[PDB]
file data17.cif (mmCIF, N, CA and C atoms (P, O5', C5', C4', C3', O3' and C1' of nucleotides))
data_final
#
loop_
_atom_site.group_PDB
_atom_site.id
_atom_site.type_symbol
_atom_site.label_atom_id
_atom_site.label_comp_id
_atom_site.auth_asym_id
_atom_site.auth_seq_id
_atom_site.Cartn_x
_atom_site.Cartn_y
_atom_site.Cartn_z
ATOM 1 N N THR A 1 -11.695 4.383 10.388
ATOM 2 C CA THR A 1 -13.008 3.808 10.120
ATOM 3 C C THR A 1 -13.201 3.535 8.632
ATOM 4 N N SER A 2 -12.137 3.702 7.854
ATOM 5 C CA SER A 2 -12.195 3.439 6.422
ATOM 6 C C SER A 2 -10.827 3.033 5.892
ATOM 7 N N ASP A 3 -10.822 2.180 4.873
ATOM 8 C CA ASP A 3 -9.578 1.748 4.254
ATOM 9 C C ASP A 3 -8.902 2.913 3.552
ATOM 10 N N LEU A 4 -7.581 2.968 3.665
ATOM 11 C CA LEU A 4 -6.786 3.888 2.872
ATOM 12 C C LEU A 4 -5.963 3.073 1.896
ATOM 13 N N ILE A 5 -5.957 3.489 0.638
ATOM 14 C CA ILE A 5 -5.133 2.838 -0.363
ATOM 15 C C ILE A 5 -3.748 3.467 -0.342
ATOM 16 N N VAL A 6 -2.719 2.634 -0.461
ATOM 17 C CA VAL A 6 -1.345 3.118 -0.452
ATOM 18 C C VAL A 6 -0.705 2.929 -1.823
ATOM 19 N N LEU A 7 -0.276 4.034 -2.424
ATOM 20 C CA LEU A 7 0.289 4.011 -3.767
ATOM 21 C C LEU A 7 1.785 4.290 -3.756
ATOM 22 N N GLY A 8 2.501 3.663 -4.683
ATOM 23 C CA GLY A 8 3.908 3.955 -4.889
ATOM 24 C C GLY A 8 4.831 2.953 -4.224
ATOM 25 N N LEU A 9 4.248 1.968 -3.550
ATOM 26 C CA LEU A 9 5.027 0.985 -2.805
ATOM 27 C C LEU A 9 6.126 0.356 -3.655
ATOM 28 N N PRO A 10 7.351 0.294 -3.110
ATOM 29 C CA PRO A 10 8.443 -0.443 -3.752
ATOM 30 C C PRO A 10 8.043 -1.890 -4.023
ATOM 31 N N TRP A 11 8.707 -2.539 -4.973
ATOM 32 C CA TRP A 11 8.350 -3.900 -5.356
ATOM 33 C C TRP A 11 8.590 -4.900 -4.223
ATOM 34 N N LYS A 12 9.659 -4.697 -3.459
ATOM 35 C CA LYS A 12 10.084 -5.690 -2.475
ATOM 36 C C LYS A 12 9.279 -5.606 -1.184
ATOM 37 N N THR A 13 8.532 -4.520 -1.021
ATOM 38 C CA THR A 13 7.790 -4.279 0.211
ATOM 39 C C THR A 13 6.729 -5.348 0.440
ATOM 40 N N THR A 14 6.753 -5.939 1.631
ATOM 41 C CA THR A 14 5.832 -7.011 1.985
ATOM 42 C C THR A 14 4.794 -6.521 2.988
ATOM 43 N N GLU A 15 3.763 -7.330 3.206
ATOM 44 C CA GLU A 15 2.672 -6.960 4.100
ATOM 45 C C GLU A 15 3.164 -6.561 5.489
ATOM 46 N N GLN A 16 3.978 -7.410 6.106
ATOM 47 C CA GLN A 16 4.402 -7.171 7.482
ATOM 48 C C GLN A 16 5.295 -5.937 7.583
ATOM 49 N N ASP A 17 6.017 -5.632 6.510
ATOM 50 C CA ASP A 17 6.810 -4.408 6.457
ATOM 51 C C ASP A 17 5.882 -3.207 6.527
ATOM 52 N N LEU A 18 4.908 -3.172 5.623
ATOM 53 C CA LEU A 18 3.917 -2.106 5.602
ATOM 54 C C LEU A 18 3.301 -1.949 6.986
ATOM 55 N N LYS A 19 2.889 -3.072 7.563
ATOM 56 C CA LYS A 19 2.344 -3.097 8.914
ATOM 57 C C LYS A 19 3.318 -2.453 9.889
ATOM 58 N N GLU A 20 4.525 -3.005 9.937
ATOM 59 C CA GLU A 20 5.569 -2.523 10.830
ATOM 60 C C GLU A 20 5.678 -1.007 10.748
ATOM 61 N N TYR A 21 5.760 -0.497 9.525
ATOM 62 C CA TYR A 21 5.877 0.938 9.301
ATOM 63 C C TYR A 21 4.667 1.692 9.843
ATOM 64 N N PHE A 22 3.480 1.310 9.387
ATOM 65 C CA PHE A 22 2.255 2.021 9.742
ATOM 66 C C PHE A 22 1.917 1.928 11.230
ATOM 67 N N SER A 23 2.520 0.973 11.931
ATOM 68 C CA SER A 23 2.270 0.815 13.361
ATOM 69 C C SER A 23 2.902 1.947 14.170
ATOM 70 N N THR A 24 3.890 2.618 13.582
ATOM 71 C CA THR A 24 4.581 3.717 14.252
ATOM 72 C C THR A 24 3.675 4.938 14.406
ATOM 73 N N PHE A 25 2.527 4.911 13.736
ATOM 74 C CA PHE A 25 1.557 5.994 13.824
ATOM 75 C C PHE A 25 0.425 5.623 14.772
ATOM 76 N N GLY A 26 0.141 4.329 14.870
ATOM 77 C CA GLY A 26 -0.931 3.846 15.719
ATOM 78 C C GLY A 26 -1.262 2.397 15.436
ATOM 79 N N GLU A 27 -2.258 1.876 16.141
ATOM 80 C CA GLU A 27 -2.657 0.487 15.982
ATOM 81 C C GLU A 27 -3.265 0.262 14.601
ATOM 82 N N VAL A 28 -2.821 -0.798 13.933
ATOM 83 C CA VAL A 28 -3.279 -1.108 12.586
ATOM 84 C C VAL A 28 -4.131 -2.371 12.588
ATOM 85 N N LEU A 29 -5.399 -2.228 12.219
ATOM 86 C CA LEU A 29 -6.308 -3.368 12.169
ATOM 87 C C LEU A 29 -5.867 -4.361 11.106
ATOM 88 N N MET A 30 -5.703 -3.883 9.877
ATOM 89 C CA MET A 30 -5.293 -4.756 8.788
ATOM 90 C C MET A 30 -4.428 -4.029 7.767
ATOM 91 N N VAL A 31 -3.785 -4.816 6.914
ATOM 92 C CA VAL A 31 -2.920 -4.295 5.868
ATOM 93 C C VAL A 31 -2.959 -5.253 4.687
ATOM 94 N N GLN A 32 -2.798 -4.716 3.485
ATOM 95 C CA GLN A 32 -2.813 -5.535 2.283
ATOM 96 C C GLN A 32 -1.809 -5.025 1.262
ATOM 97 N N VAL A 33 -1.080 -5.952 0.653
ATOM 98 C CA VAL A 33 -0.231 -5.637 -0.484
ATOM 99 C C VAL A 33 -0.714 -6.460 -1.671
ATOM 100 N N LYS A 34 -1.108 -5.782 -2.742
ATOM 101 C CA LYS A 34 -1.696 -6.461 -3.888
ATOM 102 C C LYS A 34 -0.624 -7.028 -4.804
ATOM 103 N N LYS A 35 -0.768 -8.307 -5.133
ATOM 104 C CA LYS A 35 0.223 -9.017 -5.922
ATOM 105 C C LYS A 35 -0.466 -9.909 -6.942
ATOM 106 N N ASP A 36 0.312 -10.423 -7.887
ATOM 107 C CA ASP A 36 -0.180 -11.441 -8.800
ATOM 108 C C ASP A 36 -0.126 -12.786 -8.085
ATOM 109 N N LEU A 37 -1.284 -13.417 -7.928
ATOM 110 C CA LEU A 37 -1.393 -14.653 -7.159
ATOM 111 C C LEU A 37 -0.482 -15.756 -7.678
ATOM 112 N N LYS A 38 -0.111 -15.662 -8.949
ATOM 113 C CA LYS A 38 0.648 -16.716 -9.602
ATOM 114 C C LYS A 38 2.146 -16.613 -9.314
ATOM 115 N N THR A 39 2.623 -15.394 -9.079
ATOM 116 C CA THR A 39 4.045 -15.156 -8.845
ATOM 117 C C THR A 39 4.329 -14.543 -7.473
ATOM 118 N N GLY A 40 3.323 -13.915 -6.873
ATOM 119 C CA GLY A 40 3.497 -13.253 -5.592
ATOM 120 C C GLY A 40 4.175 -11.901 -5.723
ATOM 121 N N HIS A 41 4.548 -11.535 -6.946
ATOM 122 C CA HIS A 41 5.190 -10.249 -7.191
ATOM 123 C C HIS A 41 4.219 -9.111 -6.916
ATOM 124 N N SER A 42 4.664 -8.147 -6.118
ATOM 125 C CA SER A 42 3.829 -7.019 -5.738
ATOM 126 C C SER A 42 3.420 -6.211 -6.961
ATOM 127 N N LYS A 43 2.211 -5.664 -6.919
ATOM 128 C CA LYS A 43 1.711 -4.827 -8.000
ATOM 129 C C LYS A 43 2.004 -3.359 -7.715
ATOM 130 N N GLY A 44 2.534 -3.084 -6.527
ATOM 131 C CA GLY A 44 3.037 -1.762 -6.206
ATOM 132 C C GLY A 44 2.130 -0.929 -5.316
ATOM 133 N N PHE A 45 0.981 -1.481 -4.934
ATOM 134 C CA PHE A 45 0.038 -0.756 -4.086
ATOM 135 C C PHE A 45 -0.605 -1.673 -3.053
ATOM 136 N N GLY A 46 -1.173 -1.077 -2.010
ATOM 137 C CA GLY A 46 -1.791 -1.839 -0.942
ATOM 138 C C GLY A 46 -2.896 -1.076 -0.236
ATOM 139 N N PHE A 47 -3.365 -1.626 0.878
ATOM 140 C CA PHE A 47 -4.416 -0.997 1.662
ATOM 141 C C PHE A 47 -4.095 -1.103 3.145
ATOM 142 N N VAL A 48 -4.717 -0.247 3.947
ATOM 143 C CA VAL A 48 -4.499 -0.269 5.385
ATOM 144 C C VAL A 48 -5.672 0.348 6.133
ATOM 145 N N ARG A 49 -6.079 -0.316 7.209
ATOM 146 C CA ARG A 49 -7.158 0.164 8.054
ATOM 147 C C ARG A 49 -6.611 0.425 9.451
ATOM 148 N N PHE A 50 -6.867 1.619 9.975
ATOM 149 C CA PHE A 50 -6.426 1.969 11.319
ATOM 150 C C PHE A 50 -7.585 1.893 12.304
ATOM 151 N N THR A 51 -7.263 1.642 13.569
ATOM 152 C CA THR A 51 -8.273 1.589 14.616
ATOM 153 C C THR A 51 -8.782 2.989 14.921
ATOM 154 N N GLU A 52 -7.875 3.859 15.351
ATOM 155 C CA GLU A 52 -8.231 5.238 15.653
ATOM 156 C C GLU A 52 -8.415 6.006 14.355
ATOM 157 N N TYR A 53 -9.273 7.018 14.389
ATOM 158 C CA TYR A 53 -9.521 7.843 13.217
ATOM 159 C C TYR A 53 -8.486 8.955 13.119
ATOM 160 N N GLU A 54 -8.073 9.481 14.268
ATOM 161 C CA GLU A 54 -7.087 10.553 14.294
ATOM 162 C C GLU A 54 -5.777 10.062 13.684
ATOM 163 N N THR A 55 -5.477 8.785 13.900
ATOM 164 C CA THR A 55 -4.286 8.170 13.329
ATOM 165 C C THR A 55 -4.414 8.089 11.812
ATOM 166 N N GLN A 56 -5.640 7.897 11.340
ATOM 167 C CA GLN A 56 -5.913 7.806 9.909
ATOM 168 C C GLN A 56 -5.734 9.161 9.229
ATOM 169 N N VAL A 57 -6.247 10.212 9.864
ATOM 170 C CA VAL A 57 -6.147 11.563 9.321
ATOM 171 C C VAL A 57 -4.688 11.988 9.228
ATOM 172 N N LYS A 58 -3.932 11.685 10.277
ATOM 173 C CA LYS A 58 -2.522 12.041 10.349
ATOM 174 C C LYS A 58 -1.742 11.441 9.185
ATOM 175 N N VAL A 59 -2.012 10.171 8.899
ATOM 176 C CA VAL A 59 -1.270 9.432 7.883
ATOM 177 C C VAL A 59 -1.517 9.992 6.487
ATOM 178 N N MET A 60 -2.690 10.574 6.278
ATOM 179 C CA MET A 60 -3.043 11.120 4.973
ATOM 180 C C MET A 60 -2.438 12.503 4.768
ATOM 181 N N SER A 61 -2.217 13.216 5.869
ATOM 182 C CA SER A 61 -1.720 14.587 5.812
ATOM 183 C C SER A 61 -0.277 14.664 5.318
ATOM 184 N N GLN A 62 0.369 13.511 5.171
ATOM 185 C CA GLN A 62 1.778 13.474 4.802
ATOM 186 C C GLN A 62 2.080 12.341 3.832
ATOM 187 N N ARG A 63 3.204 12.466 3.133
ATOM 188 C CA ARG A 63 3.716 11.395 2.294
ATOM 189 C C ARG A 63 4.457 10.401 3.178
ATOM 190 N N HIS A 64 4.952 9.319 2.589
ATOM 191 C CA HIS A 64 5.607 8.278 3.371
ATOM 192 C C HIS A 64 6.793 7.672 2.638
ATOM 193 N N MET A 65 7.970 7.781 3.244
ATOM 194 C CA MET A 65 9.168 7.164 2.695
ATOM 195 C C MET A 65 9.215 5.714 3.145
ATOM 196 N N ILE A 66 8.792 4.812 2.267
ATOM 197 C CA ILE A 66 8.759 3.393 2.591
ATOM 198 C C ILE A 66 9.768 2.631 1.745
ATOM 199 N N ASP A 67 10.779 2.079 2.407
ATOM 200 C CA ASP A 67 11.823 1.316 1.734
ATOM 201 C C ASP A 67 12.429 2.082 0.558
ATOM 202 N N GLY A 68 12.550 3.400 0.703
ATOM 203 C CA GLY A 68 13.311 4.203 -0.239
ATOM 204 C C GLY A 68 12.497 5.015 -1.227
ATOM 205 N N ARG A 69 11.176 4.869 -1.195
ATOM 206 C CA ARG A 69 10.314 5.602 -2.119
ATOM 207 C C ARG A 69 9.145 6.283 -1.421
ATOM 208 N N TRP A 70 8.801 7.473 -1.902
ATOM 209 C CA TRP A 70 7.685 8.230 -1.353
ATOM 210 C C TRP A 70 6.360 7.613 -1.777
ATOM 211 N N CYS A 71 5.511 7.331 -0.796
ATOM 212 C CA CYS A 71 4.231 6.684 -1.045
ATOM 213 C C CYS A 71 3.091 7.577 -0.574
ATOM 214 N N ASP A 72 1.933 7.437 -1.210
ATOM 215 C CA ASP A 72 0.782 8.279 -0.903
ATOM 216 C C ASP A 72 -0.374 7.458 -0.347
ATOM 217 N N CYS A 73 -0.975 7.951 0.729
ATOM 218 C CA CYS A 73 -2.129 7.297 1.328
ATOM 219 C C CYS A 73 -3.380 8.111 1.034
ATOM 220 N N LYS A 74 -4.194 7.614 0.110
ATOM 221 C CA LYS A 74 -5.397 8.317 -0.310
ATOM 222 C C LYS A 74 -6.634 7.487 -0.012
ATOM 223 N N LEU A 75 -7.792 8.139 -0.011
ATOM 224 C CA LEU A 75 -9.060 7.429 0.017
ATOM 225 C C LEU A 75 -9.267 6.778 -1.345
ATOM 226 N N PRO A 76 -9.776 5.539 -1.359
ATOM 227 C CA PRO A 76 -9.928 4.805 -2.618
ATOM 228 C C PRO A 76 -11.216 5.135 -3.373
ATOM 229 N N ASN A 77 -11.295 4.674 -4.619
ATOM 230 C CA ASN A 77 -12.473 4.850 -5.457
ATOM 231 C C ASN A 77 -13.277 3.554 -5.487
ATOM 232 N N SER A 78 -14.467 3.577 -4.895
ATOM 233 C CA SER A 78 -15.325 2.395 -4.805
ATOM 234 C C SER A 78 -14.821 1.432 -3.734
ATOM 235 O "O5'" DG B 1 13.511 -12.880 -12.554
ATOM 236 C "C5'" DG B 1 13.465 -12.301 -11.256
ATOM 237 C "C4'" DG B 1 14.537 -11.237 -11.101
ATOM 238 C "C3'" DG B 1 14.644 -10.259 -12.263
ATOM 239 O "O3'" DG B 1 14.962 -8.983 -11.742
ATOM 240 C "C1'" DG B 1 16.702 -11.373 -11.993
ATOM 241 P P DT B 2 13.785 -7.975 -11.315
ATOM 242 O "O5'" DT B 2 13.588 -7.051 -12.607
ATOM 243 C "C5'" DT B 2 14.725 -6.455 -13.213
ATOM 244 C "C4'" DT B 2 14.334 -5.814 -14.530
ATOM 245 C "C3'" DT B 2 13.212 -4.787 -14.426
ATOM 246 O "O3'" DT B 2 13.565 -3.632 -15.175
ATOM 247 C "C1'" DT B 2 12.600 -6.519 -15.954
ATOM 248 P P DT B 3 13.331 -2.166 -14.557
ATOM 249 O "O5'" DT B 3 12.106 -1.584 -15.408
ATOM 250 C "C5'" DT B 3 10.928 -2.367 -15.503
ATOM 251 C "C4'" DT B 3 9.765 -1.588 -16.081
ATOM 252 C "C3'" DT B 3 9.528 -0.216 -15.485
ATOM 253 O "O3'" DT B 3 8.488 0.419 -16.212
ATOM 254 C "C1'" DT B 3 8.109 -1.778 -14.468
ATOM 255 P P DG B 4 8.456 2.019 -16.356
ATOM 256 O "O5'" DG B 4 7.673 2.512 -15.050
ATOM 257 C "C5'" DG B 4 6.258 2.408 -14.985
ATOM 258 C "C4'" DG B 4 5.749 3.181 -13.785
ATOM 259 C "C3'" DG B 4 6.521 4.470 -13.528
ATOM 260 O "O3'" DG B 4 5.770 5.583 -14.017
ATOM 261 C "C1'" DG B 4 6.183 3.200 -11.490
ATOM 262 P P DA B 5 4.832 6.429 -13.026
ATOM 263 O "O5'" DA B 5 3.613 6.891 -13.953
ATOM 264 C "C5'" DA B 5 2.533 7.600 -13.369
ATOM 265 C "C4'" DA B 5 1.191 7.021 -13.781
ATOM 266 C "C3'" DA B 5 0.028 7.442 -12.897
ATOM 267 O "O3'" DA B 5 -1.179 7.424 -13.652
ATOM 268 C "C1'" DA B 5 0.471 5.124 -12.583
ATOM 269 P P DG B 6 -2.413 8.364 -13.227
ATOM 270 O "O5'" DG B 6 -3.507 7.330 -12.690
ATOM 271 C "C5'" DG B 6 -3.109 6.379 -11.720
ATOM 272 C "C4'" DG B 6 -3.690 5.010 -12.013
ATOM 273 C "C3'" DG B 6 -4.854 4.616 -11.123
ATOM 274 O "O3'" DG B 6 -5.505 3.493 -11.682
ATOM 275 C "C1'" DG B 6 -2.953 3.435 -10.463
ATOM 276 P P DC B 7 -7.101 3.340 -11.559
ATOM 277 O "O5'" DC B 7 -7.301 2.344 -10.320
ATOM 278 C "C5'" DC B 7 -6.758 1.031 -10.373
ATOM 279 C "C4'" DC B 7 -7.099 0.263 -9.111
ATOM 280 C "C3'" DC B 7 -8.576 -0.046 -8.919
ATOM 281 O "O3'" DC B 7 -8.709 -1.147 -8.036
ATOM 282 C "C1'" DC B 7 -7.912 1.463 -7.275
ATOM 283 P P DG B 8 -9.721 -2.347 -8.380
ATOM 284 O "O5'" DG B 8 -9.282 -3.510 -7.371
ATOM 285 C "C5'" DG B 8 -7.938 -3.567 -6.901
ATOM 286 C "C4'" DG B 8 -7.861 -4.358 -5.607
ATOM 287 C "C3'" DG B 8 -8.885 -5.482 -5.467
ATOM 288 O "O3'" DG B 8 -8.245 -6.584 -4.861
ATOM 289 C "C1'" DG B 8 -8.882 -4.244 -3.566
ATOM 290 P P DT B 9 -7.537 -7.706 -5.768
ATOM 291 O "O5'" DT B 9 -8.763 -8.534 -6.376
ATOM 292 C "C5'" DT B 9 -9.718 -9.063 -5.480
ATOM 293 C "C4'" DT B 9 -10.280 -10.366 -6.008
ATOM 294 C "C3'" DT B 9 -11.100 -11.135 -4.988
ATOM 295 O "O3'" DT B 9 -12.452 -10.677 -4.997
ATOM 296 C "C1'" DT B 9 -9.530 -12.593 -6.038
ATOM 297 P P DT B 10 -13.334 -10.730 -3.654
ATOM 298 O "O5'" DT B 10 -13.082 -12.208 -3.099
ATOM 299 C "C5'" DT B 10 -13.430 -12.581 -1.776
ATOM 300 C "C4'" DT B 10 -12.933 -13.994 -1.532
ATOM 301 C "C3'" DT B 10 -12.735 -14.376 -0.073
ATOM 302 O "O3'" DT B 10 -13.889 -15.073 0.385
ATOM 303 C "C1'" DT B 10 -10.709 -14.720 -1.291
#
call {"tool": "encode", "arguments": {"input": "data17.cif", "output": "structure tokens"}}
result
Amino acid sequence: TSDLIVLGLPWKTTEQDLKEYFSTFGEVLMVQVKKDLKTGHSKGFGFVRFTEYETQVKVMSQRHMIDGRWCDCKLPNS
DNA sequence: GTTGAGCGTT
């Protein structure tokens, strides 16, 4: 019921990858990877919204090895 | 063709 920000994302990681990964925990409403609009190069972080809340809690309780690097899913500021 | 803590153009 709330967006989770994802930190530590590898540079090459794309939206659908993040989606693909996070889907293994449950249904994913949306996903975002923040990039420079001019180059498309990832800024290293993203966002994700889950349908179920229990799926959201689970994802925060642990770190995430995404494309070779440990990533953190935290509640965002503002 | 580069980097590595952070906080979201629509």
call {"tool": "interface_residues", "arguments": {"input": "data17.cif", "of": "chain B", "to": "chain A", "cutoff": "8 Å", "atoms": "only N, CA and C atoms (P, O5', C5', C4', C3', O3' and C1' of nucleotides)", "output": "NGL selection string"}}
result
:B and (4 or 6-9)
call {"tool": "residues_around", "arguments": {"input": "data17.cif", "residues": "segment 51-56 of chain A", "least_positions_apart": "2", "cutoff": "9 Å", "atoms": "only C-alpha atoms (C1' of nucleotides)", "output": "MDAnalysis selection string"}}
result
chainID A and resid 1:2 4 25:29 49 58:61
call {"tool": "select_by_dssp", "arguments": {"input": "data17.cif", "residues": "chain A", "states": "strand (DSSP E)", "output": "ChimeraX atom specification"}}
result
/A:4-7,28-35,42-50,64-66,69-74
call {"tool": "atom_distance", "arguments": {"input": "data17.cif", "atom1": "atom CA of residue 39 of chain A", "atom2": "atom CA of residue 71 of chain A"}}
result
23.2 Å
call {"tool": "select_by_dssp", "arguments": {"input": "data17.cif", "residues": "chain A", "states": "helix (DSSP H, G or I)", "output": "ChimeraX atom specification"}}
result
/A:15-22,53-60
call {"tool": "axis_aligned_box", "arguments": {"input": "data17.cif", "around": "segment 1-5 of chain B", "padding_each_side": "8 Å", "output": "AutoDock Vina command-line options"}}
result
--center_x 7.8 --center_y -2.6 --center_z -13.7 --size_x 33.9 --size_y 36.5 --size_z 21.3
call {"tool": "atom_distance", "arguments": {"input": "data17.cif", "atom1": "atom CA of residue 13 of chain A", "atom2": "atom CA of residue 67 of chain A"}}
result
7.1 Å
call {"tool": "atom_distance", "arguments": {"input": "data17.cif", "atom1": "atom CA of residue 16 of chain A", "atom2": "atom CA of residue 74 of chain A"}}
result
19.9 Å
call {"tool": "build_atoms", "arguments": {"input": "data17.cif", "residues": "segment 37-59 of chain A", "atoms": "N, CA, C and O atoms", "output": "PDB file, in the frame of the given file"}}
result
ATOM      1  N   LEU A  37      -1.284 -13.417  -7.928  1.00  0.00           N
ATOM      2  CA  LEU A  37      -1.393 -14.653  -7.159  1.00  0.00           C
ATOM      3  C   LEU A  37      -0.482 -15.756  -7.678  1.00  0.00           C
ATOM      4  O   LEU A  37      -0.126 -16.677  -6.945  1.00  0.00           O
ATOM      5  N   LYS A  38      -0.111 -15.662  -8.949  1.00  0.00           N
ATOM      6  CA  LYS A  38       0.648 -16.716  -9.602  1.00  0.00           C
ATOM      7  C   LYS A  38       2.146 -16.613  -9.314  1.00  0.00           C
ATOM      8  O   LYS A  38       2.854 -17.622  -9.296  1.00  0.00           O
ATOM      9  N   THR A  39       2.623 -15.394  -9.079  1.00  0.00           N
ATOM     10  CA  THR A  39       4.045 -15.156  -8.845  1.00  0.00           C
ATOM     11  C   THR A  39       4.329 -14.543  -7.473  1.00  0.00           C
ATOM     12  O   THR A  39       5.446 -14.637  -6.967  1.00  0.00           O
ATOM     13  N   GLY A  40       3.323 -13.915  -6.873  1.00  0.00           N
ATOM     14  CA  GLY A  40       3.497 -13.253  -5.592  1.00  0.00           C
ATOM     15  C   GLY A  40       4.175 -11.901  -5.723  1.00  0.00           C
ATOM     16  O   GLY A  40       4.355 -11.194  -4.732  1.00  0.00           O
ATOM     17  N   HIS A  41       4.548 -11.535  -6.946  1.00  0.00           N
ATOM     18  CA  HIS A  41       5.190 -10.249  -7.191  1.00  0.00           C
ATOM     19  C   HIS A  41       4.219  -9.111  -6.916  1.00  0.00           C
ATOM     20  O   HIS A  41       3.094  -9.105  -7.415  1.00  0.00           O
ATOM     21  N   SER A  42       4.664  -8.147  -6.118  1.00  0.00           N
ATOM     22  CA  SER A  42       3.829  -7.019  -5.738  1.00  0.00           C
ATOM     23  C   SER A  42       3.420  -6.211  -6.961  1.00  0.00           C
ATOM     24  O   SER A  42       4.179  -6.088  -7.921  1.00  0.00           O
ATOM     25  N   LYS A  43       2.211  -5.664  -6.919  1.00  0.00           N
ATOM     26  CA  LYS A  43       1.711  -4.827  -8.000  1.00  0.00           C
ATOM     27  C   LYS A  43       2.004  -3.359  -7.715  1.00  0.00           C
ATOM     28  O   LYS A  43       1.758  -2.495  -8.556  1.00  0.00           O
ATOM     29  N   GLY A  44       2.534  -3.084  -6.527  1.00  0.00           N
ATOM     30  CA  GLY A  44       3.037  -1.762  -6.206  1.00  0.00           C
ATOM     31  C   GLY A  44       2.130  -0.929  -5.316  1.00  0.00           C
ATOM     32  O   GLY A  44       2.470   0.205  -4.982  1.00  0.00           O
ATOM     33  N   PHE A  45       0.981  -1.481  -4.934  1.00  0.00           N
ATOM     34  CA  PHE A  45       0.038  -0.756  -4.086  1.00  0.00           C
ATOM     35  C   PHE A  45      -0.605  -1.673  -3.053  1.00  0.00           C
ATOM     36  O   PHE A  45      -0.589  -2.894  -3.200  1.00  0.00           O
ATOM     37  N   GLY A  46      -1.173  -1.077  -2.010  1.00  0.00           N
ATOM     38  CA  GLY A  46      -1.791  -1.839  -0.942  1.00  0.00           C
ATOM     39  C   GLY A  46      -2.896  -1.076  -0.236  1.00  0.00           C
ATOM     40  O   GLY A  46      -3.320  -0.014  -0.689  1.00  0.00           O
ATOM     41  N   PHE A  47      -3.365  -1.626   0.878  1.00  0.00           N
ATOM     42  CA  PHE A  47      -4.416  -0.997   1.662  1.00  0.00           C
ATOM     43  C   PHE A  47      -4.095  -1.103   3.145  1.00  0.00           C
ATOM     44  O   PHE A  47      -3.296  -1.944   3.555  1.00  0.00           O
ATOM     45  N   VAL A  48      -4.717  -0.247   3.947  1.00  0.00           N
ATOM     46  CA  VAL A  48      -4.499  -0.269   5.385  1.00  0.00           C
ATOM     47  C   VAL A  48      -5.672   0.348   6.133  1.00  0.00           C
ATOM     48  O   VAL A  48      -6.195   1.392   5.745  1.00  0.00           O
ATOM     49  N   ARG A  49      -6.079  -0.316   7.209  1.00  0.00           N
ATOM     50  CA  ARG A  49      -7.158   0.164   8.054  1.00  0.00           C
ATOM     51  C   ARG A  49      -6.611   0.425   9.451  1.00  0.00           C
ATOM     52  O   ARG A  49      -5.959  -0.439  10.038  1.00  0.00           O
ATOM     53  N   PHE A  50      -6.867   1.619   9.975  1.00  0.00           N
ATOM     54  CA  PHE A  50      -6.426   1.969  11.319  1.00  0.00           C
ATOM     55  C   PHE A  50      -7.585   1.893  12.304  1.00  0.00           C
ATOM     56  O   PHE A  50      -8.745   2.056  11.926  1.00  0.00           O
ATOM     57  N   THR A  51      -7.263   1.642  13.569  1.00  0.00           N
ATOM     58  CA  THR A  51      -8.273   1.589  14.616  1.00  0.00           C
ATOM     59  C   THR A  51      -8.782   2.989  14.921  1.00  0.00           C
ATOM     60  O   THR A  51      -9.969   3.275  14.767  1.00  0.00           O
ATOM     61  N   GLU A  52      -7.875   3.859  15.351  1.00  0.00           N
ATOM     62  CA  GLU A  52      -8.231   5.238  15.653  1.00  0.00           C
ATOM     63  C   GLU A  52      -8.415   6.006  14.355  1.00  0.00           C
ATOM     64  O   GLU A  52      -7.793   5.691  13.341  1.00  0.00           O
ATOM     65  N   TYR A  53      -9.273   7.018  14.389  1.00  0.00           N
ATOM     66  CA  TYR A  53      -9.521   7.843  13.217  1.00  0.00           C
ATOM     67  C   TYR A  53      -8.486   8.955  13.119  1.00  0.00           C
ATOM     68  O   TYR A  53      -8.067   9.330  12.025  1.00  0.00           O
ATOM     69  N   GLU A  54      -8.073   9.481  14.268  1.00  0.00           N
ATOM     70  CA  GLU A  54      -7.087  10.553  14.294  1.00  0.00           C
ATOM     71  C   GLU A  54      -5.777  10.062  13.684  1.00  0.00           C
ATOM     72  O   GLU A  54      -5.059  10.819  13.030  1.00  0.00           O
ATOM     73  N   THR A  55      -5.477   8.785  13.900  1.00  0.00           N
ATOM     74  CA  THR A  55      -4.286   8.170  13.329  1.00  0.00           C
ATOM     75  C   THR A  55      -4.414   8.089  11.812  1.00  0.00           C
ATOM     76  O   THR A  55      -3.427   8.200  11.087  1.00  0.00           O
ATOM     77  N   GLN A  56      -5.640   7.897  11.340  1.00  0.00           N
ATOM     78  CA  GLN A  56      -5.913   7.806   9.909  1.00  0.00           C
ATOM     79  C   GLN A  56      -5.734   9.161   9.229  1.00  0.00           C
ATOM     80  O   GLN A  56      -5.144   9.252   8.152  1.00  0.00           O
ATOM     81  N   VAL A  57      -6.247  10.212   9.864  1.00  0.00           N
ATOM     82  CA  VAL A  57      -6.147  11.563   9.321  1.00  0.00           C
ATOM     83  C   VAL A  57      -4.688  11.988   9.228  1.00  0.00           C
ATOM     84  O   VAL A  57      -4.260  12.577   8.235  1.00  0.00           O
ATOM     85  N   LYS A  58      -3.932  11.685  10.277  1.00  0.00           N
ATOM     86  CA  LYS A  58      -2.522  12.041  10.349  1.00  0.00           C
ATOM     87  C   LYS A  58      -1.742  11.441   9.185  1.00  0.00           C
ATOM     88  O   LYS A  58      -0.917  12.110   8.561  1.00  0.00           O
ATOM     89  N   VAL A  59      -2.012  10.171   8.899  1.00  0.00           N
ATOM     90  CA  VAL A  59      -1.270   9.432   7.883  1.00  0.00           C
ATOM     91  C   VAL A  59      -1.517   9.992   6.487  1.00  0.00           C
ATOM     92  O   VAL A  59      -0.654   9.903   5.616  1.00  0.00           O
TER      93      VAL A  59
END
